[PDB]
4 protein chains.
Amino acid sequence: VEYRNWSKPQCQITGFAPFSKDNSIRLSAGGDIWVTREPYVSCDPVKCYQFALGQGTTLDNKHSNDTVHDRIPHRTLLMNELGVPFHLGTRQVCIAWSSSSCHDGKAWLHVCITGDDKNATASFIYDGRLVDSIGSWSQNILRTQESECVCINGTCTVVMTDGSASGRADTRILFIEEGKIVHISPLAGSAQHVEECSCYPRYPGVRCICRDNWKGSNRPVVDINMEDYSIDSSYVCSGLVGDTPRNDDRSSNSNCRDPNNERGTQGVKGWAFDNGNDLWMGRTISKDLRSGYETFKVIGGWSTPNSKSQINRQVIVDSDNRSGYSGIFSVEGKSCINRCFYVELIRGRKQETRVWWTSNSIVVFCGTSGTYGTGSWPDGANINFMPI
Amino acid sequence: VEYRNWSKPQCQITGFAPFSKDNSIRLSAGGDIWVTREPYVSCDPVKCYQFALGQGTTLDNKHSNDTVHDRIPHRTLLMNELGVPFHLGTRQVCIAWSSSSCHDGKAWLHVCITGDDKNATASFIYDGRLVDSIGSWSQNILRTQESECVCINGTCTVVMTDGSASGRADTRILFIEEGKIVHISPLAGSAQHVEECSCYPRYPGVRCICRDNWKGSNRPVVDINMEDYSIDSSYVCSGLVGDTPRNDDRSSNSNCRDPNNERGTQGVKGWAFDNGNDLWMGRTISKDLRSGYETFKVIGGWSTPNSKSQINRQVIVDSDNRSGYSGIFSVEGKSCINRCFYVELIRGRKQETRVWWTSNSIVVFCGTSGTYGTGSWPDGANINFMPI
Amino acid sequence: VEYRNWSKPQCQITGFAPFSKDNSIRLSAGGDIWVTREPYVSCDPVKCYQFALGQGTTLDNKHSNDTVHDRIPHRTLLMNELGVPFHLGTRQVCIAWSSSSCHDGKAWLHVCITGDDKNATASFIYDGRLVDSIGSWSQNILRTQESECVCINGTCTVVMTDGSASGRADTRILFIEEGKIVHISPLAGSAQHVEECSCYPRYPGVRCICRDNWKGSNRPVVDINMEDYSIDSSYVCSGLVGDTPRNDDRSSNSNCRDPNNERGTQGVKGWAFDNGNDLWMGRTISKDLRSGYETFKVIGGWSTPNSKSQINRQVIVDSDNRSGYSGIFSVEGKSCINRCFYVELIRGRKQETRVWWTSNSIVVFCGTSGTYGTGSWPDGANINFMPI
Amino acid sequence: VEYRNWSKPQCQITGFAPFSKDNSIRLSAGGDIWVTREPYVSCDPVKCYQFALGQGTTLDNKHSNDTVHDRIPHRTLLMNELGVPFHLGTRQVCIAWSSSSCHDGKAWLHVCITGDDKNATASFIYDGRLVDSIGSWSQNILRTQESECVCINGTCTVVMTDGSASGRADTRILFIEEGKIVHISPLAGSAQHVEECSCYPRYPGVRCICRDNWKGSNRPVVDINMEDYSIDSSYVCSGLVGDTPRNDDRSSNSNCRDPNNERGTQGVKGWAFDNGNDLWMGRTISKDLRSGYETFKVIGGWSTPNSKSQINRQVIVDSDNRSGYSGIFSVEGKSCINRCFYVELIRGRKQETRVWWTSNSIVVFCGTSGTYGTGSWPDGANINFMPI
Ligand SMILES: *[C@@H]1O[C@H](CO[C@H]2O[C@H](CO)[C@@H](O)[C@H](O)[C@@H]2O)[C@@H](O[C@@H]2O[C@H](CO)[C@@H](O[C@@H]3O[C@H](CO)[C@@H](O)[C@H](O[C@H]4O[C@H](CO)[C@@H](O)[C@H](O)[C@@H]4O[C@H]4O[C@H](CO)[C@@H](O)[C@H](O)[C@@H]4O)[C@@H]3O)[C@H](O)[C@H]2NC(C)=O)[C@H](O)[C@H]1NC(C)=O
Ligand SMILES: *[C@@H]1O[C@H](CO[C@H]2O[C@H](CO)[C@@H](O)[C@H](O)[C@@H]2O)[C@@H](O[C@@H]2O[C@H](CO)[C@@H](O[C@@H]3O[C@H](CO)[C@@H](O)[C@H](O[C@H]4O[C@H](CO)[C@@H](O)[C@H](O)[C@@H]4O[C@H]4O[C@H](CO)[C@@H](O)[C@H](O)[C@@H]4O)[C@@H]3O)[C@H](O)[C@H]2NC(C)=O)[C@H](O)[C@H]1NC(C)=O
Ligand SMILES: *[C@@H]1O[C@H](CO[C@H]2O[C@H](CO)[C@@H](O)[C@H](O)[C@@H]2O)[C@@H](O[C@@H]2O[C@H](CO)[C@@H](O[C@@H]3O[C@H](CO)[C@@H](O)[C@H](O[C@H]4O[C@H](CO)[C@@H](O)[C@H](O)[C@@H]4O[C@H]4O[C@H](CO)[C@@H](O)[C@H](O)[C@@H]4O)[C@@H]3O)[C@H](O)[C@H]2NC(C)=O)[C@H](O)[C@H]1NC(C)=O
Ligand SMILES: *[C@@H]1O[C@H](CO[C@H]2O[C@H](CO)[C@@H](O)[C@H](O)[C@@H]2O)[C@@H](O[C@@H]2O[C@H](CO)[C@@H](O[C@@H]3O[C@H](CO)[C@@H](O)[C@H](O[C@H]4O[C@H](CO)[C@@H](O)[C@H](O)[C@@H]4O[C@H]4O[C@H](CO)[C@@H](O)[C@H](O)[C@@H]4O)[C@@H]3O)[C@H](O)[C@H]2NC(C)=O)[C@H](O)[C@H]1NC(C)=O
Ligand SMILES: *[C@@H]1O[C@H](CO)[C@@H](O[C@@H]2O[C@H](CO)[C@@H](O)[C@H](O)[C@H]2NC(C)=O)[C@H](O)[C@H]1NC(C)=O
Ligand SMILES: *[C@@H]1O[C@H](CO)[C@@H](O[C@@H]2O[C@H](CO)[C@@H](O)[C@H](O)[C@H]2NC(C)=O)[C@H](O)[C@H]1NC(C)=O
Ligand SMILES: *[C@@H]1O[C@H](CO)[C@@H](O[C@@H]2O[C@H](CO)[C@@H](O)[C@H](O)[C@H]2NC(C)=O)[C@H](O)[C@H]1NC(C)=O
Ligand SMILES: *[C@@H]1O[C@H](CO)[C@@H](O[C@@H]2O[C@H](CO)[C@@H](O)[C@H](O)[C@H]2NC(C)=O)[C@H](O)[C@H]1NC(C)=O
Ligand SMILES: *[C@@H]1O[C@H](CO)[C@@H](O[C@@H]2O[C@H](CO)[C@@H](O)[C@H](O)[C@H]2NC(C)=O)[C@H](O)[C@H]1NC(C)=O
Ligand SMILES: *[C@@H]1O[C@H](CO)[C@@H](O[C@@H]2O[C@H](CO)[C@@H](O)[C@H](O)[C@H]2NC(C)=O)[C@H](O)[C@H]1NC(C)=O
Ligand SMILES: *[C@@H]1O[C@H](CO)[C@@H](O[C@@H]2O[C@H](CO)[C@@H](O)[C@H](O)[C@H]2NC(C)=O)[C@H](O)[C@H]1NC(C)=O
Ligand SMILES: [Ca+2]
Ligand SMILES: [Ca+2]
Ligand SMILES: [Ca+2]
Ligand SMILES: [Ca+2]
């Protein structure tokens, strides 16, 4: 086994075709399925696996009630081949309430986070053994990606926040070579917040499309130079914008460098990925609520401010339904590195308060240089059927 | 790993001996089993696996109700070793409501179909990565085999329809070398319809025994020349005939070249496989309803029109019971390539409307050059026991 | 991989120490466990697996009722590593209502039997493919071992009956080299019946301790000469005797050559295995009912008629409980070939008619050249707890 | 595969970071989970597995009632990768009511104990085959570690008691090279009792931190010389002390050589592990009841009597909750051998007599040379939710 160095062109995609759905909630009505959220999928040179954080229980468990809350001791990081539901036979690869995973080529690094909010811990596991540990630095919740990290040559990047969701924060980018952090590099850029970065291998570095829970609703970019550790974090030129809540589609703006301050409040985990001066991206159809999922390409959107030349749309999930988080997902072709992407479809309380638990399914789409039809793939489960 | 080139004689079989049953419905009363239909089994140089399309749920799920319908977003392609039931621990290898799978020798290609009926998409997955995509072409349901495709030397064939079930249609035969379609070839032949082809490796090409939902009740043949892409599609000389509904057994006819127009309406997925001028084939015992399964050899039936010299019958499934689809299943011997075949036994609504869900079990029989006894293997599950 | 030729001394054992129990019935009250009976365990050069025939269902299935009957279409041959219960995730390796399995070294041969009683079929599977088939020969139930077959050099033996349980019968010994029967050899010996042979590798041939459902209650021996195909079947010299029902322990007799005619009626699957002029054997404590299990060594018992010098007893299962079938189980040491043995503990109807289903657990003991304590390991499950 | 010889420095740890929790009880409310207790985890050069002894059943089984009792025929030794719950798909690797497991490098040795209390047996399994057996020697319960044994060069140590819990006893240290005991060595030392030793590879020998159910509440040390078989068993210099029940924290004492006689009665399985003249150890927060878990380092505590210079505490499990047993768990780093440790959290009768069954979850922590936060990880399951 030599290393995963990614030297190879990205694919000139033409849109996305469907790859995987698991029906996690549906089956949850007839089987014992874990309680999840904040999923993501990543793969080694052979199989694509699917992760997510549980709630130390199952859905048809009287326990599950109040799964709305993101952190609790009993939450663990699951793993399965891409395609199997999360069952009583799944493994809790580590304790955590946040994470990131990359396959450096040789084996896995699994950053998993847990502790008190104000003082928590981050175990850096690798190849099964626990290679390192680094604790919270601001004293107000150490959180990470909830997406696949990226490694190149033998060094795995991973961005980390601990600060004030809607406020300033310390963003560091740890460079851990084999479960062992070997160098940390402090954030720099126009980016007024970095959180839930969706990172990918666009050689020689790593580029990140994050979230901004404070003033921006136009994703902040985070570019890592795996070559010298230096950082750079701009903002997206695309005038379209994909974050929720967000202004609209006409008064929606972005100048590639400053929080736009338009419902710049919260956010959601999102992705995007360049191609020349263009921009393949995705977001919720609803711009108030996290419902419906569409994906598209903005001409000029990566190199040019306030763009609006949308083209090649797709209604991945219908706007009458509901989605949630999503992240990019790379996966090296036999000549080019193709990007893929996932979408958790969250069914549960706060919204569908018919039941008291919260969990989620997933749908995933990859890159294609061929045709496709049209459609939308939701969780599609009868909340009047589901237990509780 | 060199390639699967099939250069090796087919076996001079003498009838079929039992191989596998899974009891899918029976266990479904005491366990959490997926909701299926349109199964098939295929194997790599080591294990035989069993496929089928689910209904994004399980049987003891209040959801399952109305599984009669063939397409919906939440239907996925399962896979398991030959012998295990479809459980909560099975994987959804792709989203689809149609498919085909072959092992080119090195790894798997998994055509899976999904989208709106009128406009749908076909993901061409291979080795886990998504190599290509080609969308619907007539705008009225892109459908494929629901049986194992066949590869030789490194090129995998797969026939595709999109048109009018009971009407004309476009039938194309895609030649995808490694998840990448590299050449499409348009249908040609006496065949007035091609749909649900049951294809196999009868070197140097590939030969297909399809269905005809319009005017024929005598299977149309579809011969592929993997050598130059050319096509040829005749009809079966056998005067016996195996399709349901169908005329009878005396006024049942076929001339090897034109729809016979005798209850030539619908059909069901069927198989057949030559041997000299003869014909080993199978069909439902009931010629109105898809009930009971028998298999036999018609002397003269492959090279001679309107044949009736039946011999070596078997009551695979009793005519008091019920079957459904079926397809051929090859599996290379240590000197000859033996054919095997499967039979879904569909238990569910429209018929057994005691319950509201529809799923199916399976029985499978291989080729033998030795003796056998007699019997019939049905789903045999108490519909008064089953849930719902 | 060279072949399993067994050239290596058997171990001078000193008694049996406990190896495996699975608690099949107990868990059956809190989980979905298959309905079984007629088990046995066998191993390849790495793992020991556990077999048995199911009843196409699970225990907490309303179907299971009337599992007392041995044959029905929906019965299949399971397989799992030695230690896991038979779950909804177990595989039906073949259809059958009888069987035998050996690992010739390279891979598995799985004789499985099914068909009408009067006319049935026997599929000879191997390495996943179906290599051969041979049908019933007397027209009254083709049955086999229900124990591990034995292979040496590359030829696998397997004894087969079809005749009259309590009457004469045809006993043949098929020699199948790679799923392909290559020579059948007709039974010869003092043995007035051969049925449920418990066979083992006592180089250069294979020796069998069977059952006799007609006139004997003293196990008939069946010695195979894998060298020239010739057969020889004596009877056990041991005057102790181990079969149920059986006379007693004082008027119990055997002369090494003729059915003794003492409650010589039915039987049960049993084992035994020589050592010099002695005899390590096992049987039920109850000599009317199949309850309790003990094992011991009779000095002189293999080379001398009507023996009674019992020594080294063990109460494997207490006589207040209940057992059933049992068979020998070899397993090559790092210098000597050690024998092991299993014991199904049948819980169910006809006896414990509190419930209407019948299934069974298992306990297994191997050979030891070291000390041991005392005890008894029953199914030990509350029939008042169990479902139905 | 060469052998596991451990020549390599232990790691200068700085405290413990979280690795694994499984939520065994929580899921037990929504799934079929085995009934356990007396767990432990151990690993081969690749995966870390988790063991424990069951109670031949599952929790939602009416059987489980009265799982308070430690021994019964139907108790078996489970095994799974580190992270999966104990499910109906787990294997019973042997019958036992006590055990120990080490990976000599090449494969596993699994001492499992069962029999009458007064006369029991100990099967010494290895690589799947049963290599040896040695029976009880005092006639009053042969018990072993309930923790991972340690092998070096090719010889696996394992300490064994059989005597009087609160009285004298015979303590032997068997040296079994490949499932075959090749030399037994009798205990020697100041140690007035050895029971439930928590052993580890501190090259060239093996050192053990046991329990004392008679007069001590200050762990007895047990040092093995794998070099010449000689033994040595002192007591811990640490004046802090970690055993429950125990005096307090001020009148708590130890002189490194004699039972201190302060609530020196019972105990619990514990661990500890040196580092220079210091001592990293752990115990229950409650000194009467086995509740809460903390871990720390006592300066001077390994080489100096009655120590009280505690530092680097952690509240692993909060004192408002409840723990149970615990043991050390080694795991070779890429330059140093890191120690890890587990903690069963027992939920069940005698205490939480709301229900009638007893089982347990687990939390596990490894060694780190990096920072960490703070927190506590309990079973945290609603006893008012749980079944029974
Ligand atoms: C490939 O396949 C697409 C699939 O797109 C999606 O369709 C759903 C909505 O139809 C969406 O939720 C789902 O998840 C799919 O992802 C092909 O067509 C698609 O469907 C139609 C047009 O073809 C577009 O959707 C619209 O949605 C409305 C809700 O269904 C529908 O009622 C709209 O209908 C109005 O125009 C149609 C035109 O055919 C016609 O039916 C009527 O005239 C109708 O008029 C309305 O007017 C009044 C006010 O609204 C009402 O009082 C009156 O009752 C009536 O509702 C409309 O059809 C969807 O966007 C479209 N997709 C795309 C990409 O165009 C598409 O043909 C093909 N394209 C490509 C590149 O392959
Ligand atoms: C190997 O094993 C076969 C197994 O074949 C199948 O048998 C079932 C039907 O019997 C079928 O559903 C099942 O699934 C099996 O696959 C051996 O025999 C088989 O069974 C019989 C003859 O041997 C054939 O089946 C017929 O089915 C009727 C329903 O059971 C049965 O009642 C018929 O019986 C009439 O003739 C028999 C001859 O033995 C005799 O019983 C009576 O005289 C009976 O007369 C009827 O007459 C009146 C009008 O019908 C009634 O008023 C009166 O009450 C009575 O019903 C018949 O036996 C089945 O086809 C046959 N299989 C084959 C291949 O022949 C077979 O012996 C052997 N062959 C080979 C090559 O190995
Ligand atoms: C290793 O370990 C053995 C284990 O053997 C088995 O014991 C159970 C029966 O006790 C059996 O079902 C279980 O499954 C075990 O496999 C050691 O001992 C074993 O137990 C005893 C003797 O040691 C033997 O079993 C007998 O079973 C009767 C039912 O329990 C029991 O009541 C008998 O007791 C009579 O004698 C004992 C002697 O100690 C004493 O208790 C009394 O005096 C009692 O007297 C009876 O007399 C009247 C009529 O019966 C009654 O009115 C009165 O109430 C009372 O019942 C007896 O103890 C069992 O066979 C034995 N096993 C072996 C191999 O000896 C054994 O010590 C040791 N051996 C070796 C080689 O390692
Ligand atoms: C990293 O993270 C630690 C986590 O430690 C643990 O905290 C829980 C207890 O708080 C424990 O069960 C849990 O499992 C954790 O493992 C950081 O702090 C930790 O929490 C606090 C202090 O920081 C310590 O715990 C104490 O526990 C009491 C129960 O919660 C709590 O009420 C105590 O509060 C008293 O002092 C605090 C100081 O901040 C303040 O809140 C009040 O003044 C309060 O006063 C009480 O006084 C009267 C009598 O008690 C009452 O009438 C009145 O109502 C009120 O209760 C206290 O805070 C815990 O030990 C501590 N851990 C450590 C290691 O210090 C820690 O800051 C950081 N350290 C490091 C190295 O990283
Ligand atoms: C990184 O990319 C590839 C794959 O890791 C490296 O491997 C060699 O690269 C090219 C073609 O890929 C040739 O020089 C060798 O034949 C490759 N070997 C294999 C097994 O692919 C490549 O050298 C690395 N290069 C950079 C610039 O990072
Ligand atoms: C990672 O991969 C290759 C590893 O070799 C790095 O490029 C190499 O450049 C040196 C001189 O710097 C050559 O001698 C190497 O052998 C080059 N690669 C090849 C295939 O020749 C590359 O620049 C590194 N990139 C990153 C992002 O870390
Ligand atoms: C295709 O069939 C076989 C198997 O793929 C090819 O392999 C060689 O073929 C024959 C015997 O099978 C000999 O020439 C070689 O010894 C074979 N090698 C092996 C490993 O079997 C064969 O050459 C191919 N031929 C055609 C005509 O397609
Ligand atoms: C059968 O037994 C063994 C094992 O199959 C054969 O293997 C050779 O036998 C001996 C020692 O076992 C030596 O001649 C070789 O070194 C063995 N090789 C191995 C890999 O064990 C043996 O020759 C066979 N002999 C008979 C008489 O059947
Ligand atoms: C099975 O195994 C060995 C295979 O070699 C057989 O014994 C051999 O005897 C021949 C001459 O007959 C020698 O040249 C072989 O090489 C011998 N074995 C060895 C290791 O030398 C053996 O007799 C056969 N036994 C059975 C029961 O089939
Ligand atoms: C035990 O430790 C190591 C690992 O088992 C042995 O292996 C050799 O040891 C050193 C470095 O580890 C060198 O002499 C060799 O290069 C090692 N080989 C490998 C594959 O690591 C070591 O010799 C053994 N030594 C002792 C003292 O027990
Ligand atoms: C276990 O491991 C090594 C095995 O070699 C033992 O040390 C060896 O010492 C001899 C002379 O005694 C050398 O020739 C060996 O080759 C040494 N090891 C190495 C790598 O050179 C060691 O002392 C043994 N220790 C224990 C606890 O059993
Ligand atoms: Ca925002
Ligand atoms: Ca038709
Ligand atoms: Ca008899
Ligand atoms: Ca004590």
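Numbering starts at 1 and runs along the chain as displayed.
Even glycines carry a Cβ here, placed using N, Cα and C.
All protein chains included, C:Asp70 (active site, proton donor/acceptor) registers 16 other Cβ atoms within 10 Å of its own Cβ. Residues annotated as active site, proton donor/acceptor in Swiss-Prot: C:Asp70.
Listed in sequence order, C:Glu38, C:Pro39, C:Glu146, C:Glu196, C:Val268, C:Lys269, C:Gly270, C:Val343, C:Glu344, C:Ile346 are the same-chain residues at least 6 apart in sequence whose CB falls under 8 Å from the CB of C:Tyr325 (active site, nucleophile). The active site, nucleophile annotation in Swiss-Prot covers C:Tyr325.
Within its own chain, C:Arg37 (substrate binding site) has C:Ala52, C:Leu53, C:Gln55, C:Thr67, C:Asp70, C:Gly324, C:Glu344, C:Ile346, C:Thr358, C:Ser359, C:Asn360 as residues 6 or more apart in sequence whose C-beta sits under 8 angstroms from its own. According to Swiss-Prot, the substrate binding site annotation covers C:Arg37, C:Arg71, C:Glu195, C:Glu196, C:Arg211, C:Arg290, on the basis of sequence analysis.
Around the Cβ of C:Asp243 (Ca(2+) binding site), a 10 Å sphere holds 29 further Cβ atoms from the protein chains shown. Sequence annotations record features per position, and here Swiss-Prot assigns Ca(2+) binding site to C:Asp212, C:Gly216, C:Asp243, C:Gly264, C:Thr265, C:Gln266.
C:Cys11 (disulfide bond): 18 other CB atoms within 10 A of its CB, across all protein chains. In three-state terms derived from DSSP, C:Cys11 (disulfide bond) belongs to neither a helical nor a strand segment and is classed as coil. What Swiss-Prot lists as disulfide bond is C:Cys11-C:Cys336 (among others), and the listing cites sequence analysis.
Summarising the annotation, Swiss-Prot assigns disulfide bond to C:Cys43-C:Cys48 (among others). For C:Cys48 (disulfide bond), the Cβ neighbour count at a 10 Å cut-off comes to 20, with all displayed protein chains included.
Neighbour count (other Cβ atoms within 10 Å of the Cβ, all protein chains): 26 for C:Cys94 (disulfide bond). Taken from Swiss-Prot, the feature disulfide bond applies to C:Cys94-C:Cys112 (among others).
Cβ neighbours of C:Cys102 (disulfide bond) (same chain, under 8 Å, six or more residues apart in sequence): C:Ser42, C:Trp108, C:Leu109, C:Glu148, C:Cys149, C:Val150, C:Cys151, C:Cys156, C:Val158. According to Swiss-Prot, the disulfide bond annotation covers C:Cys102-C:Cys149 (among others).
What Swiss-Prot records for C:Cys151-C:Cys156 (among others) is disulfide bond, and it gives sequence analysis as the kind of evidence. All protein chains considered, the CB of C:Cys151 (disulfide bond) has 28 other CB atoms within 10 Å.
Listed in sequence order, the residues of the same chain lying 6 or more apart from C:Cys197 (disulfide bond) and placing their CB within less than 8 Å of its CB are C:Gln145, C:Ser147, C:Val159, C:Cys208, C:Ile209, C:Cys210, C:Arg211, C:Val222. According to Swiss-Prot, the feature disulfide bond maps to C:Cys197-C:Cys210 (among others).
According to Swiss-Prot, the feature disulfide bond maps to C:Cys199-C:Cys208 (among others). Reduced to three states, the DSSP call for C:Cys199 (disulfide bond) is strand. There are 28 other CB atoms within 10 A of the CB of C:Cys199 (disulfide bond), with all protein chains counted.
Among the features that Swiss-Prot reports, disulfide bond is placed at C:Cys237-C:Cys256 (among others), with the record citing sequence analysis. Less than 8 angstroms from the CB of C:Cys256 (disulfide bond) sit C:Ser190, C:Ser234, C:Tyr235, C:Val236, C:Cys237, C:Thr304, C:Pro305, each of them six or more residues away in the same chain.
All chains included, 25 other C-beta atoms sit within 10 angstroms of the C-beta of C:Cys366 (disulfide bond). Summarising the annotation, Swiss-Prot assigns disulfide bond to C:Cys340-C:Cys366 (among others) and lists sequence analysis as the type of evidence.
Around C:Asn5 (N-linked glycosylation site), taking its Cβ as the centre, 14 other Cβ atoms fall within 10 Å, counting all chains. If you look up Swiss-Prot, you'll see C:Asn5 (among others) marked as N-linked glycosylation site, on the strength of experimental evidence.
According to DSSP, C:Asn65 (N-linked glycosylation site) is assigned to coil rather than to any helix or strand. Taking a C-beta cut-off of under 8 Å and a sequence gap of six or more, C:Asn65 (N-linked glycosylation site) has these contacts in its own chain: C:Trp356, C:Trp357, C:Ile388. If you look up Swiss-Prot, you'll see C:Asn65 (among others) marked as N-linked glycosylation site, on the strength of experimental evidence.
Look at Swiss-Prot and you will find C:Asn119 (among others) tagged as N-linked glycosylation site. Reduced to three states, the DSSP call for C:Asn119 (N-linked glycosylation site) is coil.
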Query: Hey, of the disulfide-bonded residues listed (C:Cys43, C:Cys208), which one tops the CB count within 10 A?
result: C:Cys208
- line: Cβ within less than 8 Å of chain B, restricted to recorded positions C:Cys94, C:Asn119, C:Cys156, C:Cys208, C:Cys340, C:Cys366, yields C:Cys94, C:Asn119
- prompt: Can you tell which of the disulfide-bonded residues (C:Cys149, C:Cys210, C:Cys237, C:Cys336, C:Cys340) has the fewest other C-beta atoms within 10 angstroms of its C-beta?
  reply: C:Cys336
Statement: Residues sitting within 8 A of the centre of the C:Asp212, C:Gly216, C:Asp243, C:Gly264, C:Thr265, C:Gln266 CB atoms (Ca(2+) site), not counting those, run C:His193, C:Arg211, C:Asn213, C:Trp214, C:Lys215, C:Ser217, C:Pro245, C:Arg246, C:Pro259, C:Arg263, C:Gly267
- prompt: So of all those recorded positions, C:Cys48, C:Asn119, C:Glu195, C:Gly216, C:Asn321, which one's Cα sits nearest to C:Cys11 (disulfide bond)?
  reply: C:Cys48
Statement: Hits for chain D proximity (Cβ under 8 Å) within recorded positions C:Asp70, C:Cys208, C:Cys366 read C:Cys366
Statement: Cα nearest C:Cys336 (disulfide bond) among recorded positions (C:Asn5, C:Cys43, C:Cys112, C:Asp243) -> C:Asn5
- prompt: Under a criterion of Cβ-Cβ distance under 8 Å and sequence separation of at least 6, what residues of the same chain contact C:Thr265 (Ca(2+) binding site)?
  reply: C:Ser166, C:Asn213, C:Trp214, C:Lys215, C:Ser217, C:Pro245
Message: Cα-Cα, whole number of Å: C:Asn321 (N-linked glycosylation site) versus C:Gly216 (Ca(2+) binding site)?
response: 25
- prompt: About how far apart, in whole Å, are the alpha carbons (Cα) of C:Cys48 (disulfide bond) and C:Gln266 (Ca(2+) binding site)?
  reply: 31
- line: By a three-class reduction of DSSP, C:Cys210 (disulfide bond) is assigned strand
- prompt: So, in DSSP terms, is C:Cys43 (disulfide bond) helix, strand, or coil?
  reply: strand
Task: Count, for each of the binding-site residues C:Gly216, C:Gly264, the other C-beta atoms lying within 10 angstroms of its own C-beta, and report the residue with the smallest count.
output: C:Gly264
Integer Å distance between the CA atoms belonging to C:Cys366 (disulfide bond) and C:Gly264 (Ca(2+) binding site): 29
